[PDB]
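Only one chain is shown below, in structure tokens, and it's the form deposited in one PDB entry.
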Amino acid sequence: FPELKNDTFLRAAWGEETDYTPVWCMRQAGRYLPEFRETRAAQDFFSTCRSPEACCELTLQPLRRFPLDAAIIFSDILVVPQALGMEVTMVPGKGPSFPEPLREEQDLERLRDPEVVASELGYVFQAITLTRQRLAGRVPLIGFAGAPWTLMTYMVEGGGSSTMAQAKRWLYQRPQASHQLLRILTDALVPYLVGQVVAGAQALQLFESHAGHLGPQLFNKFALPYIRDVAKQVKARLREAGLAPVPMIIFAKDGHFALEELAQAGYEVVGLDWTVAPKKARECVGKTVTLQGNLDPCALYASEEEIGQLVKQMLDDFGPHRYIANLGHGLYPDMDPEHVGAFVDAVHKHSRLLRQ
């Protein structure tokens, strides 16, 4: 692999001082880009995921528009449950869908042994290697996967939900089966994430998107242990393979209640949603971890000038140490690319000015 030229994102991730704050955006490869819609219209959702060249292209697109300090591989969190044997039908503009969700304990028999998942996800590894080569060391490449609890919500709910009532019903009524499902997911995720690093990912993000549906007690029993397991095991496996460990990010959307624990869970970086004040997030996490976030993505509907001001305030609150700028959630498909660029430019410009 080519020698990484700009490693600001990695340095910030490990806690080191940098000359400016690095920035990237969740869903930077997303429908808000016309060219994204265009190269997606040639296939269908999970078919695009299967073409290394197509995934590489989607990954690169935002980097041609904006001087982002990292690329994130284009994929979907749902590729893991799919690799586990669940059928997906992402259909006429409706998004994530399992037409046959898991509903009882017996449904667990449908799933592949987690030890074979990595071999099912070979196309992802190929896309990562290809992208790492094509980026030619411009900026680091992030790999990613959904956290076990979050993947479980999708597998049980069948898609998105406002309450996770079915998934939480499993936790309360089927605690043993739930732990089994969560361990299967963990055991699939670890080789998948190691594989992404072996293929060339330089950092990893674990996306616990459905954290906030759980209170502290449920989260500590059913989400946290597996989050800790993933980092511990990925790190162990990488060491033993003779490879360097990469910075790992845990993002728990709506996980204000778990920030303290999440700073102790084995991740270099804790990603935040926009509902936590940066100064309060810093109190919760301490001085030991890097923070990532947390601009309300809807803030990008504001004027370019307003975005600039909202960024200035955000950076003032986080301070220059142990910080990666990002949004608090993925970019929405109706957002203006010019406003995305305004956000990237304001982070770079203000963070330098703040250092002066």
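Numbering starts at 1 and runs along the sequence shown.
For the pair 34-42 and 305-313, the mean B factor over Cα atoms is greater in 34-42. Mean C-alpha B-factor is higher over 49-57 than over the other stretch, the pair under comparison being 293-301 and 49-57. Per the deposited coordinates, the residue with the largest Cα temperature factor out of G266, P92, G143, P148 is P92. Ranked against the other modelled residues of its chain, the C-alpha B-factor of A13 as given in the entry falls in the lowest third. Among the modelled residues of its chain, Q28 has a C-alpha B-factor that falls in the middle third, as given in the PDB entry. The PDB entry assigns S97 a C-alpha temperature factor belonging to the highest third of its chain's modelled residues. The PDB entry assigns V79 a C-alpha temperature factor belonging to the lowest third of its chain's modelled residues. Looking at the C-alpha B-factors along this chain, the one for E120 belongs to the middle third.
The discussion below concerns the form solved in complex with a small molecule, not included here.
Contact with the small molecule in the deposited bound form, judged by any heavy atom within 4.5 Å, is made by just one of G308, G30, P297, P320: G30. For the options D187, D76, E261, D273, the one in contact with the small molecule in the deposited bound form, meaning a heavy atom within 4.5 Å, is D76. Shown here without its partner, the chain carries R40, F45 and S209, all of which come within 4.5 Å of the small molecule in the deposited bound form through at least one heavy atom. Heavy atoms within 4.5 Å of the small molecule in the deposited bound form are found in exactly one of 299-307, 312-320, 66-74, 286-294, that being 66-74.
When contacts are judged by a 4.5 Å heavy atom cut-off, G266 does not count as touching the small molecule in the deposited bound form. Looking at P245, you'd find every heavy atom of it more than 4.5 angstroms from the small molecule in the deposited bound form. In the deposited bound form, the small molecule sits within 4.5 Å of a heavy atom of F251. Shown alone here, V198 lies farther than 4.5 Å from the small molecule in the deposited bound form, counting heavy atoms only.
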